[PDB]
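S.K.: Before the rest arrives, take these chains from my complex:
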Amino acid sequence: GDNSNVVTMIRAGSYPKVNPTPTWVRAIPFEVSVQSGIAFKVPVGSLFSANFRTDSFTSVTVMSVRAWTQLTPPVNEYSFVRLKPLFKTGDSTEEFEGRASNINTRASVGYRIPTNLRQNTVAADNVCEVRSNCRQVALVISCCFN
Amino acid sequence: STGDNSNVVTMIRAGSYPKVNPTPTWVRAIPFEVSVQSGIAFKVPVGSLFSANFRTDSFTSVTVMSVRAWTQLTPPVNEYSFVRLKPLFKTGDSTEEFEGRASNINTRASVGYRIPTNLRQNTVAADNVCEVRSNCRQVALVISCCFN
Amino acid sequence: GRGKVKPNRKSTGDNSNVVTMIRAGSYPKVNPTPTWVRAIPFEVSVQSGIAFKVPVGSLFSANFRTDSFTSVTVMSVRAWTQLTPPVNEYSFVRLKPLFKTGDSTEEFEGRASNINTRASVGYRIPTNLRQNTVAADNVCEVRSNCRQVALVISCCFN
Amino acid sequence: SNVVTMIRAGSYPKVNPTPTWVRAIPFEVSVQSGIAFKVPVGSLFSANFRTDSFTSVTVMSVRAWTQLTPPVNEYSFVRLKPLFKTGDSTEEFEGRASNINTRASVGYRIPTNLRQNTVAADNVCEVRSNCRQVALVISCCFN
Amino acid sequence: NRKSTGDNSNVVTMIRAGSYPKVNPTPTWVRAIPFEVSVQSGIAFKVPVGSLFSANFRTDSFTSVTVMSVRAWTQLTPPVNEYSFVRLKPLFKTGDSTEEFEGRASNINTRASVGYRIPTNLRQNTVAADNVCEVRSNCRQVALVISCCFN
Amino acid sequence: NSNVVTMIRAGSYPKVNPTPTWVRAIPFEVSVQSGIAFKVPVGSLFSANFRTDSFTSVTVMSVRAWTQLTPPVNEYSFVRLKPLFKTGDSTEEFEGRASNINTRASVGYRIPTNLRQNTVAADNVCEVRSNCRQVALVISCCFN
Amino acid sequence: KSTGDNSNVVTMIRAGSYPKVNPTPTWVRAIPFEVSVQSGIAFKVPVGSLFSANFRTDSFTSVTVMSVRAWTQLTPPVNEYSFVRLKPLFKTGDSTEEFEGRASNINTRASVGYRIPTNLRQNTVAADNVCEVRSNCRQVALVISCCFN
């Protein structure tokens, strides 16, 4: 085992349980555009794409959302980014926020979804609202594609 | 059961932007069948492992680790099922004929072969995994592999 | 009844202050051209939106003392952005492995969190994919919003 | 692991495109009967050894073997007289064979306090032998 | 070191001196000498050993020095869009080297630093007319700190 | 130990000081006449002969004295030291005598920490007395 | 048996193959010799003084000096105590140290010495100098520890 130099025989038995289309836990990176003073609803459909090897999925269970400002903030200001989670059974009002302490540095923050709120979404659903003084925010969403 | 968390969304104290990879690898084992004729060896093409039916249509290369085969249909009359595998390599084919036979005419014949580490390079669709032989008109394969 | 051969001022272990005699025996196995494990630093030019294939021929050069070699087994690749990024942006750098037996579709990426700082990333090659390459071969594709990328490749010249 | 992996690289490290490299250089020299031959350090800088990029080298120890057969009725012998730029030696480290068909061999170590750089124009040692060729193996540090 | 916990004498005390000792009015001195050198683009600058002998370092009484290690820092800002870098090539009277110890800054606003240690077998004296090393950089000045033994 | 140069992974520019302090033992001689005390000037400690011409101030810790020349005929050597200070001169006469006429006389005195302040070339360290015409001093001090 | 090792007659040595030899080996020595010194003038001790048949070292051409010790060889001036100074000399750069030793008895020698560090122990030839010697005495006795090669 891990020590041979040639092919060896496998004494296979019965035909096992199979599944050609299994689930997949992923940390999907992508960016969204953000206007000043306006909240942007992140579509779940942005997680289904051939750029991520996920165009074969139609449902996803989101587990946590992390955000980073992707461009520089306005003059004289430090970057900030806010996140309001959204849920189909009822949206929240939390505004998890992070700010940069160095004007040249990104702002970041995230939120975890409790187990009791980890159901499936589809491309028409929205994950959360994003607010920032920077015109583009980079998101890394950890989720289970099924 | 105690070992849980909370019932509400919590805040994550994220740090710097991490290293990312939108197109990662995937250790998989693909199930698919191949048609085989009597007295004729069928070369299993690697392209069979790339398909939307397997969520692998974004990959172009794969590293095969082990191959297993079952007879998918019944054997001829009066006969028991058998299946054979001959590993094929771009750097040099083999001449091993890993064979399994059933001891019950109603039962599948099965066999497999592991690939050693020193022979675990990438293969593309134009390549072949192995030759298959059998007295049955179809063989079912399950190929453990690493897509990249 | 052995005794006395020659006096070479050998004091303690380390060290001695004069030349000493070595009791050489049979001629040993030798190799005038041995292998050499190295970490080669070099830069490449990159256009925005276009991938650049890093030629393995850049590793063989008199600037690295690697000019007698014709092959090289690459182990890992590391990349840093060598110039500043576009205005309002943070630096990023991507790497896609390339192999003669089959190119990969990974895009290992690293970004800067400070606009004044390099973006960095790398990837290790598994032992089962560590064969030799020649100058006509390519190591990996590189992408970046910066016009230059600094590469440091860990390899075994042979 | 059978597949590539991502390295979480940090800041650009300290690099050196032209390191030093420690070696054991093998090469032969031609020796005349009764005459001493000064081994040049330039024999160590050659593409035949991959060391052509260097111009200096610190020699650590010298080892010699007769490369051809000795004269009729004789046994092989080889001598070594170290040579330094600050002051040549008068030692004659000699080795003799006990079988006429076997090589003669000898070597000498250079002490730490005499391990400075040498250039191609300098000389390592003098070789004396009754055989027309001697095989040298010099352990040194190219820099 | 005496008592260390007992230094209480508030007045002069007598010293029972014996025989005249060995003396040396001009001893050695281990130092880390900081000084800068001007560098041009695409050109190596040979650092002269004479810069180590100066009244600005209390060392103008010396004429020889044994260098132990060299450390360099970029002293001015680098060109536009570039990260600072500096290279050192050791020089020796018995034979110049070809090593180019290089350090690069990862933040354009930060210095680039690198250094190299000399081994014991290469620690001999150097005089003003000698050179320490070659310095290469994209910045017009390089701050050096040379650890040495003035003797 | 290694036989070739090695790389140092330097970091941020350190704190530096091109003109540091120096703890020293300075040996010099003074001329002394019979029946009269010689005031040792602190300026004698600042000289290129000692590698201390760059200094203008020094903190003295202890003073040791030896007779440098032979004594008068029939006499044993003796040397005396009376400390001096800018805040208050002392009246101690630390004295040592030779028990062999062919041997030096020696003596010294330590300065307490509470009296270890700087002095300049103007100041004087101590008064020296001896029946010999020259005295050899070895003053331990801190240059700054 | 029979008096363990105390053999009273010749015995046979079962020699083997020929060993590595050297008719001209190195010799670590403490070489004593005197030098002539003037008043207020430094004398450069030549390395050639170490090569001589008086020391059995005339067959050597180089030598690695390890340390230098000096003693005044004659009496000092009237009223004075003996003293001797040593300033090391090196081919790569001369030292400015003046290691000094004085006598505390006028009838006794003054003495001092200095050690050379390993990194400065290279070979010297007859044209080289070891150090400068200063003294109020007119002759100084030296004992130089060195390795002949």
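M.R.: Received the coordinates, thanks. Residues are numbered from 1 along each chain as shown, chains lettered A, B, ... in the order given.
S.K.: what residues does chain A put near chain C?
M.R.: Contact residues (Cβ under 8 Å from any Cβ of the partner chain) of chain A with chain C: A:29, A:68, A:70, A:71, A:72, A:102, A:104, A:105, A:106, A:138. C-beta: built from backbone N, CA, C; applies to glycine.
S.K.: of those, buried ones?
M.R.: Burial by neighbour count, judged by 16 or more other Cβ atoms under 10 Å in any protein chain shown, picks out A:29, A:68, A:70, A:71, A:72, A:104, A:105, A:106, A:138 from the residues of chain A next to chain C.
S.K.: From those, which land in strands?
M.R.: Here DSSP state E is the test, and those give A:29, A:68, A:138 as lying in strands.
S.K.: Would you format these as a markdown table with distance to residue A:17 included?
M.R.: Output for those, formatted as a markdown table (distance: Cβ to Cβ, whole Å):
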| residue | distance to residue A:17 |
| --- | --- |
| A:29 | 33 |
| A:68 | 41 |
| A:138 | 40 |
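S.K.: Relative to chain F, which of those is nearest.
M.R.: In terms of Cβ to the nearest Cβ, no member of those lies closer to chain F than residue A:68, at 27.6 Å.
S.K.: Please look at the closest one and residue B:14 and confirm they touch.
M.R.: Yes. Taking Cβ atoms under 8 Å as the definition, residue A:68 is a contact partner of residue B:14 at 7.3 Å.
S.K.: Please enumerate the shared neighbours of the two.
M.R.: Residues touching both residue A:68 and residue B:14 comprise residue A:108, with contact defined as Cβ atoms under 8 Å, 6 or more residues apart in numbering or on different chains.
S.K.: give me every residue that touches the closest residue to chain E within chain A.
M.R.: Nearest residue of chain A to chain E (Cβ to the nearest Cβ) works out as residue A:104 at 8.9 Å. Residues near residue A:104 by Cβ under 8 Å, 6+ apart: A:72, C:114, C:115, C:116.
S.K.: One more: residue A:46?
M.R.: Neighbours of residue A:46 in contact, by Cβ under 8 Å, 6+ apart: A:30, A:32.
S.K.: Now it. Its backbone dihedrals?
M.R.: With angles defined as degrees, to the nearest 10, residue A:46 sits at phi -70, psi -10.
S.K.: How about the one 10 residues further on?
M.R.: Reported as degrees, to the nearest 10, the phi and psi values for residue A:56 are phi -90, psi -10.
S.K.: these two touch, right, it and residue A:22?
M.R.: No. Using Cβ under 8 Å, residue A:56 is not in contact with residue A:22, being 10.5 Å away.
S.K.: okay, these two: which has more neighbours?
M.R.: Ranked by neighbour count (other Cβ atoms under 10 Å in any protein chain shown), residue A:56 and residue A:22 place residue A:56 first, with 18 against 13.
S.K.: that older thread, tell me the one of the buried ones among the residues of chain A next to chain C nearest chain D?
M.R.: Out of these, the member with the shortest distance to chain D (by Cβ to the nearest Cβ) is residue A:29, at 12.6 Å.
S.K.: Would you agree that closest one is in contact with residue A:138?
M.R.: Yes. Shown here, residue A:29 and residue A:138 form a contact pair, counting by Cβ under 8 Å, at 6.9 Å.
S.K.: Identify the residue spatially nearest to the residue in chain A positioned nearest to chain F, adjacent ones excluded.
M.R.: Closest to chain F within chain A is residue A:102: 17.8 Å, counting by Cβ to the nearest Cβ. Of all residues not flanking residue A:102 in the chain, residue C:114 sits nearest, at 7.0 Å (Cβ to Cβ, 6 or more residues apart in numbering or on different chains).
S.K.: Could you tell me how far that neighbour is located from chain G?
M.R.: Separation of residue C:114 from chain G (Cβ to the nearest Cβ, to the nearest Å) stands at 45 Å.
S.K.: so residue A:75 is in which element?
M.R.: If you go by DSSP states H and E, residue A:75 is not part of any helix or strand.
S.K.: Count the neighbours of it for me.
M.R.: For residue A:75, the neighbour count with other Cβ under 10 Å is 6.
S.K.: Kindly incorporate the sequence below as chain H:
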Amino acid sequence: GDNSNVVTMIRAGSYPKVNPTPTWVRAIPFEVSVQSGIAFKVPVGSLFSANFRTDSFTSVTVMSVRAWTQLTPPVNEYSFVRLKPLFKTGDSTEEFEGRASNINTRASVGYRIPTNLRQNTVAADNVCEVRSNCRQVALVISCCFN
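M.R.: So, slotting chain H in with the rest:
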């Protein structure tokens, strides 16, 4: 303490006992020419030479003698060498002998001198007699020059 890089001061004391011409223990290698069947008398004067750095000596105390055949033997023969110790108070009749088991290989033999016979010998003296079917013999004599 140990790793000094600069010259350090030695606190020398009284002038020590000195000796410009000390003794020297040595292993002197030299060859002698021999005839067939004839015993050759090895002279002690062959140990005093500038080629051995010992021309300043005039006496030497020999401790042990070892001999190797320096040239090849006659055809059909294995090399041999004999040693007979010679002493100023009475020569010996011992013939310590060694023969080669390979015609291409040297023969060798030696003898140790007992402490009670280790007196000085001058140039005119003789160490031993040598007998060999080879025309040269290589001697290595461990002695104490004084």
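S.K.: Take the contacts of residue A:104 again, chain H included.
M.R.: Residues near residue A:104 by Cβ under 8 Å, 6+ apart: A:72, C:114, C:115, C:116.
S.K.: again, only using 7 Å
M.R.: C:114, C:115, C:116 (Cβ atoms under 7 Å, 6 or more residues apart in numbering or on different chains).
S.K.: Likewise for residue A:60?
M.R.: When contacts are counted by Cβ under 7 Å, 6+ apart, residue A:60 touches A:44, A:47, A:120, A:121, A:143, A:144, A:145.
S.K.: and if you look at residue A:137?
M.R.: So residue A:137 contacts A:31, A:32, A:34, A:67, A:68, A:69, A:70, A:81, A:130 (Cβ under 7 Å, 6+ apart).
S.K.: sorry, back to before: from the contacts of residue A:104, which single one is nearest chain B?
M.R.: Taking Cβ to the nearest Cβ as the measure, residue C:114 is the one of the contacts of residue A:104 closest to chain B, at 8.8 Å.
S.K.: partners of that closest one in the sheet?
M.R.: Applying DSSP bridges to residue C:114 gives these bridge partners: residue A:105.
S.K.: if we can go back for a sec, biggest separation within the contacts of residue A:60, which pair?
M.R.: The span of the contacts of residue A:60, defined through Cβ to Cβ, is set by A:44 and A:144 at 12.8 Å.
S.K.: The two - which one has more neighbours?
M.R.: Legend: neighbour count by other Cβ under 10 Å for residue A:44 and residue A:144, higher for residue A:44 (21 against 16).
S.K.: So the more buried one is in contact with residue A:127, correct?
M.R.: Yes. Assessed by Cβ atoms under 7 Å, residue A:44 is found in contact with residue A:127 at 5.9 Å.
S.K.: so residue A:103 touches residue A:78, yeah?
M.R.: Yes. When contacts are counted by Cβ under 7 Å, residue A:103 is listed as touching residue A:78 (5.5 Å).
S.K.: Name the member of the contacts of residue A:60 that has the highest neighbour count.
M.R.: residue A:143 leads the contacts of residue A:60 on contacts (other Cβ under 10 Å) with 24 neighbours.
S.K.: residues in contact with that one?
M.R.: Taking Cβ under 7 Å, 6+ apart, one finds A:26, A:28, A:47, A:60, A:61, A:62, A:63 in contact with residue A:143.
S.K.: Would you show me how to pick out the buried ones of these in PyMOL?
M.R.: The PyMOL selection below is limited to those of the contacts of residue A:143 classed as buried (16+ other Cβ under 10 Å):
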select buried, chain A and resi 26+28+47+60+62+63
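S.K.: Please compute how far stretch A:12-23 lies from its chain's middle.
M.R.: On the basis of Cα atoms, centre = their mean, to the nearest Å, stretch A:12-23 sits 29 Å off its chain's mean C-alpha point.
S.K.: and what of stretch A:15-35?
M.R.: Per Cα atoms, centre = their mean, the centroid offset for stretch A:15-35 relative to its chain is 10 Å.
S.K.: can you give me the end-to-end distance of that stretch?
M.R.: Stretch A:15-35 has an end-to-end distance of 56 Å (Cα to Cα, to the nearest Å).
S.K.: ok, residues contacting that stretch?
M.R.: Contacts of stretch A:15-35 from elsewhere in the structure, counted by Cβ under 7 Å, 6+ apart, are A:40, A:42, A:46-47, A:52, A:56, A:70, A:130, A:132, A:134-146, B:20, B:22, B:30-31, B:53-55, B:70, B:108, B:140, B:142.
S.K.: Residue A:6 and chain H: what is the separation?
M.R.: According to Cβ to the nearest Cβ, residue A:6 and chain H sit 47 Å apart.
S.K.: what's the answer for residue A:67, then?
M.R.: Remark: distance between residue A:67 and chain H (Cβ to the nearest Cβ) = 56 Å.
S.K.: you'd agree that residue is up against residue A:84?
M.R.: No. Under the criterion of Cβ under 7 Å, residue A:67 is not in contact with residue A:84, lying 11.3 Å apart.
S.K.: Who has more neighbours out of those two?
M.R.: residue A:67 (30 against 18).
S.K.: what's near enough to touch the more buried one?
M.R.: Residue A:67 is in contact with A:81, A:83, A:108, A:109, A:110, A:130, A:137, A:139, counting by Cβ under 7 Å, 6+ apart.
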